[PDB]
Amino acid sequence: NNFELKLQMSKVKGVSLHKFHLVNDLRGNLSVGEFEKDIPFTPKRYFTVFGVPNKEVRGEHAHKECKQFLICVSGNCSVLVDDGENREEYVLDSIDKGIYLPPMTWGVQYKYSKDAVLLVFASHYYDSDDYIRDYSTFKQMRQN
């Protein structure tokens, strides 16, 4: 359903779901994305989450300025995105599926498979002060 087109918008504010160009041939397989085109920003940072125990739960934050883009490059994991009003779960289970999380998207990442690797591109360098880490505070900042 959710990642069938190259680009589709979530009900969750600003969140976009992406299907990256894929070449399958005799010699192997290749998926590709272009920054400022398929991923709607230029990254200053990347990180990878891996080796997550069975049923462990990560995230429970929103970012005030940092844009993020998530691709599960091995295995599978599930993501909940929440704009304060609307929330949805998406399953990142193939290398050509990506999800854009604009700033002020409360996100959780969970149900990682044993060999799952989540890749994240980030618009901003790492800054611990960019995080909102409790949900009620996030809700106040989302109010109209």
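Note that residue numbering follows the sequence shown and begins at 1.
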query	finding
Stretch with the greater mean C-alpha B-factor as recorded in the entry, comparing 131-139 against 6-14	6-14
Stretch with the greater mean C-alpha B-factor as recorded in the entry, comparing 84-92 against 28-36	28-36
Top residue by Cα temperature factor, when 61, 64, 114, 58 are compared in the entry	114
Residue with highest C-alpha B-factor in the PDB entry, from 54, 68, 105, 109	54
Chain third (lowest, middle, highest) by recorded CA B-factor, residue given as residue 78	lowest
